[PDB]
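Text of query_23.pdb, listed as PDB, C-alpha atoms (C1' of nucleotides):
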```pdb
ATOM      1  CA  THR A1329      71.410 -40.863  18.456  1.00  0.00           C
ATOM      2  CA  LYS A1330      74.211 -43.212  19.480  1.00  0.00           C
ATOM      3  CA  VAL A1331      71.843 -45.101  21.777  1.00  0.00           C
ATOM      4  CA  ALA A1332      69.304 -45.418  18.971  1.00  0.00           C
ATOM      5  CA  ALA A1333      71.986 -46.747  16.635  1.00  0.00           C
ATOM      6  CA  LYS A1334      73.042 -49.302  19.238  1.00  0.00           C
ATOM      7  CA  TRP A1335      69.437 -50.412  19.673  1.00  0.00           C
ATOM      8  CA  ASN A1336      69.052 -50.791  15.915  1.00  0.00           C
ATOM      9  CA  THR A1337      72.216 -52.873  15.750  1.00  0.00           C
ATOM     10  CA  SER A1338      70.967 -55.109  18.550  1.00  0.00           C
ATOM     11  CA  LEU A1339      67.575 -55.563  16.915  1.00  0.00           C
ATOM     12  CA  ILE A1340      69.009 -56.196  13.451  1.00  0.00           C
ATOM     13  CA  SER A1341      71.467 -58.682  14.968  1.00  0.00           C
ATOM     14  CA  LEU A1342      68.597 -60.531  16.634  1.00  0.00           C
ATOM     15  CA  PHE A1343      66.464 -60.596  13.500  1.00  0.00           C
ATOM     16  CA  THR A1344      68.887 -61.115  10.683  1.00  0.00           C
ATOM     17  CA  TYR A1345      70.119 -64.154  12.687  1.00  0.00           C
ATOM     18  CA  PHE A1346      66.990 -65.801  14.157  1.00  0.00           C
ATOM     19  CA  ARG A1347      64.895 -64.629  11.196  1.00  0.00           C
ATOM     20  CA  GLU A1348      61.925 -66.935  11.181  1.00  0.00           C
ATOM     21  CA  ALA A1349      62.098 -68.051  14.805  1.00  0.00           C
ATOM     22  CA  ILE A1350      61.332 -64.693  16.491  1.00  0.00           C
ATOM     23  CA  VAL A1351      57.694 -64.755  15.335  1.00  0.00           C
ATOM     24  CA  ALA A1352      57.056 -67.950  17.346  1.00  0.00           C
ATOM     25  CA  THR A1353      58.955 -67.238  20.586  1.00  0.00           C
ATOM     26  CA  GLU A1354      56.523 -65.021  22.494  1.00  0.00           C
ATOM     27  CA  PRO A1355      58.863 -64.160  25.365  1.00  0.00           C
ATOM     28  CA  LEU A1356      61.400 -62.724  22.932  1.00  0.00           C
ATOM     29  CA  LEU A1357      58.676 -60.677  21.249  1.00  0.00           C
ATOM     30  CA  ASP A1358      57.550 -59.348  24.620  1.00  0.00           C
ATOM     31  CA  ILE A1359      61.123 -58.397  25.491  1.00  0.00           C
ATOM     32  CA  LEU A1360      61.496 -56.591  22.169  1.00  0.00           C
ATOM     33  CA  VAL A1361      58.279 -54.684  22.803  1.00  0.00           C
ATOM     34  CA  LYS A1362      59.470 -53.705  26.271  1.00  0.00           C
ATOM     35  CA  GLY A1363      63.061 -53.099  25.205  1.00  0.00           C
ATOM     36  CA  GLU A1364      61.989 -50.629  22.527  1.00  0.00           C
ATOM     37  CA  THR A1365      59.739 -48.847  25.016  1.00  0.00           C
ATOM     38  CA  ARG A1366      62.602 -48.631  27.508  1.00  0.00           C
ATOM     39  CA  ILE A1367      64.872 -47.172  24.839  1.00  0.00           C
ATOM     40  CA  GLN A1368      62.228 -44.592  23.949  1.00  0.00           C
ATOM     41  CA  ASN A1369      61.803 -43.708  27.616  1.00  0.00           C
ATOM     42  CA  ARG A1370      65.545 -43.127  28.036  1.00  0.00           C
ATOM     43  CA  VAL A1371      65.368 -40.472  25.326  1.00  0.00           C
ATOM     44  CA  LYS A1372      62.201 -39.066  26.887  1.00  0.00           C
ATOM     45  CA  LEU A1373      63.932 -38.841  30.263  1.00  0.00           C
ATOM     46  CA  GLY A1374      66.887 -37.059  28.682  1.00  0.00           C
ATOM     47  CA  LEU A1375      64.535 -34.579  27.033  1.00  0.00           C
ATOM     48  CA  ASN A1376      62.676 -33.781  30.282  1.00  0.00           C
ATOM     49  CA  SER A1377      62.476 -34.793  33.955  1.00  0.00           C
ATOM     50  CA  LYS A1378      58.693 -35.196  33.630  1.00  0.00           C
ATOM     51  CA  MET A1379      57.712 -38.053  31.314  1.00  0.00           C
ATOM     52  CA  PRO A1380      55.346 -37.097  28.481  1.00  0.00           C
ATOM     53  CA  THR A1381      51.764 -38.268  27.976  1.00  0.00           C
ATOM     54  CA  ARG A1382      53.013 -39.349  24.575  1.00  0.00           C
ATOM     55  CA  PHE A1383      55.725 -38.272  22.174  1.00  0.00           C
ATOM     56  CA  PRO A1384      55.017 -38.588  18.493  1.00  0.00           C
ATOM     57  CA  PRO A1385      56.684 -41.664  17.000  1.00  0.00           C
ATOM     58  CA  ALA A1386      58.142 -39.227  14.427  1.00  0.00           C
ATOM     59  CA  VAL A1387      61.105 -38.237  16.670  1.00  0.00           C
ATOM     60  CA  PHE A1388      62.220 -41.872  17.170  1.00  0.00           C
ATOM     61  CA  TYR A1389      61.495 -43.690  13.933  1.00  0.00           C
ATOM     62  CA  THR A1390      62.131 -40.884  11.486  1.00  0.00           C
ATOM     63  CA  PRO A1391      65.599 -41.674   9.991  1.00  0.00           C
ATOM     64  CA  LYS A1392      68.947 -40.274  11.218  1.00  0.00           C
ATOM     65  CA  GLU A1393      69.205 -38.206   8.065  1.00  0.00           C
ATOM     66  CA  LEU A1394      65.892 -36.387   8.487  1.00  0.00           C
ATOM     67  CA  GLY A1395      67.000 -35.546  12.048  1.00  0.00           C
ATOM     68  CA  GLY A1396      65.265 -38.309  13.952  1.00  0.00           C
ATOM     69  CA  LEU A1397      66.852 -41.160  15.828  1.00  0.00           C
ATOM     70  CA  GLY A1398      66.085 -43.839  13.251  1.00  0.00           C
ATOM     71  CA  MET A1399      64.901 -46.535  15.625  1.00  0.00           C
ATOM     72  CA  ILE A1400      63.857 -49.654  13.636  1.00  0.00           C
ATOM     73  CA  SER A1401      60.618 -50.623  15.386  1.00  0.00           C
ATOM     74  CA  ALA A1402      59.744 -54.107  16.627  1.00  0.00           C
ATOM     75  CA  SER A1403      56.315 -53.132  17.954  1.00  0.00           C
ATOM     76  CA  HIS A1404      52.744 -52.275  17.017  1.00  0.00           C
ATOM     77  CA  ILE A1405      53.376 -48.515  17.145  1.00  0.00           C
ATOM     78  CA  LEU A1406      50.431 -46.272  16.277  1.00  0.00           C
ATOM     79  CA  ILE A1407      51.129 -43.023  14.385  1.00  0.00           C
ATOM     80  CA  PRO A1408      48.212 -40.918  15.626  1.00  0.00           C
ATOM     81  CA  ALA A1409      46.117 -39.167  12.961  1.00  0.00           C
ATOM     82  CA  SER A1410      46.728 -35.909  14.859  1.00  0.00           C
ATOM     83  CA  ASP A1411      50.497 -36.386  14.361  1.00  0.00           C
ATOM     84  CA  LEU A1412      50.241 -36.521  10.540  1.00  0.00           C
ATOM     85  CA  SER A1413      48.945 -33.004   9.868  1.00  0.00           C
ATOM     86  CA  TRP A1414      50.967 -30.470   7.910  1.00  0.00           C
ATOM     87  CA  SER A1415      51.005 -27.070   6.256  1.00  0.00           C
ATOM     88  CA  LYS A1416      52.714 -25.213   3.425  1.00  0.00           C
ATOM     89  CA  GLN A1417      53.159 -21.444   3.037  1.00  0.00           C
ATOM     90  CA  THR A1418      52.542 -20.457  -0.598  1.00  0.00           C
ATOM     91  CA  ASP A1419      51.597 -17.375  -2.638  1.00  0.00           C
ATOM     92  CA  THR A1420      48.031 -18.717  -3.022  1.00  0.00           C
ATOM     93  CA  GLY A1421      47.696 -19.243   0.738  1.00  0.00           C
ATOM     94  CA  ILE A1422      48.333 -21.800   3.477  1.00  0.00           C
ATOM     95  CA  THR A1423      47.256 -25.183   2.109  1.00  0.00           C
ATOM     96  CA  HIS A1424      46.774 -27.779   4.862  1.00  0.00           C
ATOM     97  CA  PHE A1425      46.617 -31.555   5.087  1.00  0.00           C
ATOM     98  CA  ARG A1426      45.115 -33.752   7.839  1.00  0.00           C
ATOM     99  CA  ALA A1427      43.979 -37.358   8.431  1.00  0.00           C
ATOM    100  CA  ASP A1433      42.251 -46.488   7.809  1.00  0.00           C
ATOM    101  CA  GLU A1434      45.198 -46.216  10.249  1.00  0.00           C
ATOM    102  CA  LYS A1435      48.976 -45.643   9.938  1.00  0.00           C
ATOM    103  CA  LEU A1436      51.479 -47.883  11.763  1.00  0.00           C
ATOM    104  CA  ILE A1437      55.276 -47.555  12.076  1.00  0.00           C
ATOM    105  CA  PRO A1438      56.476 -50.468   9.966  1.00  0.00           C
ATOM    106  CA  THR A1439      58.095 -53.250  11.995  1.00  0.00           C
ATOM    107  CA  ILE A1440      61.434 -54.886  11.151  1.00  0.00           C
ATOM    108  CA  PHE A1441      59.550 -58.240  10.871  1.00  0.00           C
ATOM    109  CA  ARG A1442      58.344 -57.691   7.293  1.00  0.00           C
ATOM    110  CA  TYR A1443      61.742 -56.641   5.898  1.00  0.00           C
ATOM    111  CA  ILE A1444      63.994 -59.637   6.752  1.00  0.00           C
ATOM    112  CA  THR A1445      63.310 -62.697   4.566  1.00  0.00           C
ATOM    113  CA  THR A1446      62.701 -65.943   6.537  1.00  0.00           C
ATOM    114  CA  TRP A1447      65.527 -68.443   6.657  1.00  0.00           C
ATOM    115  CA  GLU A1448      63.602 -71.217   4.911  1.00  0.00           C
TER
ATOM    116  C1'   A B   1      43.176 -40.984  41.181  1.00  0.00           C
ATOM    117  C1'   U B   2      46.100 -36.093  42.654  1.00  0.00           C
ATOM    118  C1'   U B   3      51.202 -34.674  42.959  1.00  0.00           C
ATOM    119  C1'   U B   4      57.835 -33.495  43.424  1.00  0.00           C
ATOM    120  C1'   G B   5      61.465 -34.145  40.079  1.00  0.00           C
ATOM    121  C1'   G B   6      60.487 -27.142  36.532  1.00  0.00           C
ATOM    122  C1'   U B   7      63.781 -21.353  41.090  1.00  0.00           C
ATOM    123  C1'   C B   8      68.028 -17.994  35.157  1.00  0.00           C
ATOM    124  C1'   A B   9      72.557 -16.182  37.102  1.00  0.00           C
ATOM    125  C1'   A B  10      74.752 -10.877  37.698  1.00  0.00           C
ATOM    126  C1'   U B  11      73.720  -5.725  39.382  1.00  0.00           C
ATOM    127  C1'   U B  12      70.766  -1.936  42.086  1.00  0.00           C
ATOM    128  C1'   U B  13      67.442  -3.319  46.677  1.00  0.00           C
ATOM    129  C1'   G B  14      65.377  -1.697  51.308  1.00  0.00           C
ATOM    130  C1'   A B  15      60.817  -5.405  43.615  1.00  0.00           C
ATOM    131  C1'   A B  16      63.290  -3.016  39.823  1.00  0.00           C
ATOM    132  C1'   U B  17      67.280  -3.425  36.043  1.00  0.00           C
ATOM    133  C1'   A B  18      69.159  -6.576  33.651  1.00  0.00           C
ATOM    134  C1'   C B  19      67.853 -11.471  29.902  1.00  0.00           C
ATOM    135  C1'   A B  20      71.986 -16.442  29.691  1.00  0.00           C
ATOM    136  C1'   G B  21      76.771 -13.785  30.512  1.00  0.00           C
ATOM    137  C1'   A B  22      81.035 -11.771  27.401  1.00  0.00           C
ATOM    138  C1'   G B  23      87.985 -12.953  22.069  1.00  0.00           C
ATOM    139  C1'   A B  24      87.600 -15.731  17.309  1.00  0.00           C
ATOM    140  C1'   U B  25      89.496 -17.807  13.081  1.00  0.00           C
ATOM    141  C1'   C B  26      93.895 -18.544   9.317  1.00  0.00           C
ATOM    142  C1'   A B  27      99.350 -18.376   9.106  1.00  0.00           C
ATOM    143  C1'   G B  28     104.820 -17.926  10.133  1.00  0.00           C
ATOM    144  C1'   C B  29     109.341 -18.547  12.755  1.00  0.00           C
ATOM    145  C1'   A B  30     112.422 -20.055  16.611  1.00  0.00           C
ATOM    146  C1'   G B  31     113.299 -23.466  20.250  1.00  0.00           C
ATOM    147  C1'   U B  32     113.343 -29.124  22.577  1.00  0.00           C
ATOM    148  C1'   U B  33     115.292 -34.204  21.219  1.00  0.00           C
ATOM    149  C1'   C B  34     117.379 -37.626  17.788  1.00  0.00           C
ATOM    150  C1'   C B  35     119.551 -38.510  12.785  1.00  0.00           C
ATOM    151  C1'   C B  36     122.185 -37.404   8.223  1.00  0.00           C
ATOM    152  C1'   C B  37     125.313 -34.373   5.392  1.00  0.00           C
ATOM    153  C1'   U B  38     128.689 -30.238   5.063  1.00  0.00           C
ATOM    154  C1'   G B  39     132.872 -26.385   6.838  1.00  0.00           C
ATOM    155  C1'   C B  40     135.825 -24.912  11.008  1.00  0.00           C
ATOM    156  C1'   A B  41     138.051 -25.542  15.824  1.00  0.00           C
ATOM    157  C1'   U B  42     139.828 -28.532  19.665  1.00  0.00           C
ATOM    158  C1'   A B  43     142.270 -32.938  21.213  1.00  0.00           C
ATOM    159  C1'   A B  44     144.217 -37.319  19.988  1.00  0.00           C
ATOM    160  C1'   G B  45     145.727 -40.767  16.021  1.00  0.00           C
ATOM    161  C1'   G B  46     147.294 -42.002  11.602  1.00  0.00           C
ATOM    162  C1'   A B  47     148.854 -41.605   5.998  1.00  0.00           C
ATOM    163  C1'   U B  48     151.792 -38.902   2.700  1.00  0.00           C
ATOM    164  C1'   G B  49     154.472 -35.240   0.009  1.00  0.00           C
ATOM    165  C1'   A B  50     158.180 -32.190  -1.305  1.00  0.00           C
ATOM    166  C1'   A B  51     166.226 -30.273  -4.655  1.00  0.00           C
ATOM    167  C1'   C B  52     170.706 -30.584  -1.406  1.00  0.00           C
ATOM    168  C1'   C B  53     174.542 -29.880   1.048  1.00  0.00           C
ATOM    169  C1'   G B  54     174.415 -28.114   5.973  1.00  0.00           C
ATOM    170  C1'   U B  55     176.145 -26.491  11.436  1.00  0.00           C
ATOM    171  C1'   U B  56     180.904 -25.526  15.083  1.00  0.00           C
TER
END
```
Do you think you could lay out the structure here as structure tokens?
Amino acid sequence: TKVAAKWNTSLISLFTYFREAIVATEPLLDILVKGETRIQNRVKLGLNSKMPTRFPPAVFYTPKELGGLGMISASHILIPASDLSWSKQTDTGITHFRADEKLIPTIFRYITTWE
RNA sequence: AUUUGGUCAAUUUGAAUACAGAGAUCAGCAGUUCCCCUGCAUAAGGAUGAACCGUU
């Protein structure tokens, strides 16, 4: 959680400051991509010695308060349709839901350009 | 393109039993040190009071 928070701080610091300029500088973008991945992998490593095929993004990007890590993504992350299903136990029965495409929203859209 | 990072311990053994592993929480009081006040003692050191004359 702490690590995630730190990452968020770093990312926010980068963006809130260089707002408009990050979109141009490709190297920085690449680093961000990779950095995020690295961060994710640390957590993965902690969880298990074997690295997973794929975690759900849920565990990372879901907020601190819901019980996630609350990473603030800087990448084209793909929330797989499989990882959006859910169920509900009721008196009537067990109503389900399953699943365009869903993408973890990136910090980019949410900081207003300096101009 | 495959794979290692994945062994419960403990006990009974000459695999079975176990099955994660064995005081908590709330509250007093005293002591320790330093400080302040208070009463007493001990030394020291003052300050002062009390009629009226004394002793070979």
Residues of chain B within 12 Å of chain A, counting all atoms listed in the file, as a PyMOL selection string:
chain B and resi 3-6
Fewer than 5 positions away in the same chain doesn't count, so skip those; otherwise give me all residues within 12 Å of stretch 1364-1371 of chain A, counting only C-alpha atoms (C1' of nucleotides), as an mmCIF file with C-alpha atoms, in the frame of the given file.
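Generated file (selection.cif):
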```cif
data_model
loop_
_atom_site.group_PDB
_atom_site.id
_atom_site.type_symbol
_atom_site.label_atom_id
_atom_site.label_comp_id
_atom_site.auth_asym_id
_atom_site.auth_seq_id
_atom_site.Cartn_x
_atom_site.Cartn_y
_atom_site.Cartn_z
ATOM 1 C CA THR A 1329 71.410 -40.863 18.456
ATOM 2 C CA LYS A 1330 74.211 -43.212 19.480
ATOM 3 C CA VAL A 1331 71.843 -45.101 21.777
ATOM 4 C CA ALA A 1332 69.304 -45.418 18.971
ATOM 5 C CA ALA A 1333 71.986 -46.747 16.635
ATOM 6 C CA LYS A 1334 73.042 -49.302 19.238
ATOM 7 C CA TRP A 1335 69.437 -50.412 19.673
ATOM 8 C CA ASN A 1336 69.052 -50.791 15.915
ATOM 9 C CA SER A 1338 70.967 -55.109 18.550
ATOM 10 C CA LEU A 1339 67.575 -55.563 16.915
ATOM 11 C CA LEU A 1357 58.676 -60.677 21.249
ATOM 12 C CA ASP A 1358 57.550 -59.348 24.620
ATOM 13 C CA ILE A 1359 61.123 -58.397 25.491
ATOM 14 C CA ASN A 1376 62.676 -33.781 30.282
ATOM 15 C CA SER A 1377 62.476 -34.793 33.955
ATOM 16 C CA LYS A 1378 58.693 -35.196 33.630
ATOM 17 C CA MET A 1379 57.712 -38.053 31.314
ATOM 18 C CA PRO A 1380 55.346 -37.097 28.481
ATOM 19 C CA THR A 1381 51.764 -38.268 27.976
ATOM 20 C CA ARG A 1382 53.013 -39.349 24.575
ATOM 21 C CA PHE A 1383 55.725 -38.272 22.174
ATOM 22 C CA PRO A 1384 55.017 -38.588 18.493
ATOM 23 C CA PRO A 1385 56.684 -41.664 17.000
ATOM 24 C CA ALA A 1386 58.142 -39.227 14.427
ATOM 25 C CA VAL A 1387 61.105 -38.237 16.670
ATOM 26 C CA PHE A 1388 62.220 -41.872 17.170
ATOM 27 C CA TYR A 1389 61.495 -43.690 13.933
ATOM 28 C CA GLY A 1396 65.265 -38.309 13.952
ATOM 29 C CA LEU A 1397 66.852 -41.160 15.828
ATOM 30 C CA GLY A 1398 66.085 -43.839 13.251
ATOM 31 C CA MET A 1399 64.901 -46.535 15.625
ATOM 32 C CA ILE A 1400 63.857 -49.654 13.636
ATOM 33 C CA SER A 1401 60.618 -50.623 15.386
ATOM 34 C CA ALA A 1402 59.744 -54.107 16.627
ATOM 35 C CA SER A 1403 56.315 -53.132 17.954
ATOM 36 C CA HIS A 1404 52.744 -52.275 17.017
ATOM 37 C CA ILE A 1405 53.376 -48.515 17.145
ATOM 38 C CA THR A 1439 58.095 -53.250 11.995
#
```
Separation of atom CA of residue A:1447 from atom CA of residue A:1352 in Å:
13.6 Å
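Here atom CA of residue A:1441 and atom CA of residue A:1337 stand 14.6 Å from one another.
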Report as a list in words the residues that result from applying the PyMOL selection byres ((chain B and resi 8) around 9) to the structure here.
residues 7, 9, 19 and 20 of chain B
Report, in Å to a single decimal, how far apart atom CA of residue A:1355 and atom CA of residue A:1343 are.
14.5 Å
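At a cut-off of 12 Å from (65.2, -66.9, 14.6), the residue set is residues 1339, 1340, 1341, 1342, 1343, 1344, 1345, 1346, 1347, 1348, 1349, 1350, 1351, 1352, 1353, 1354, 1356, 1357, 1441, 1444, 1445, 1446, 1447 and 1448 of chain A (counting only C-alpha atoms (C1' of nucleotides)).
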Within 12 Å of stretch 1420-1435 of chain A, counting all atoms listed in the file, which residues qualify if same-chain residues fewer than 3 places away don't, as JSON, numbers by chain?
{"A": [1385, 1404, 1405, 1406, 1407, 1408, 1409, 1410, 1411, 1412, 1413, 1414, 1415, 1416, 1417, 1438]}
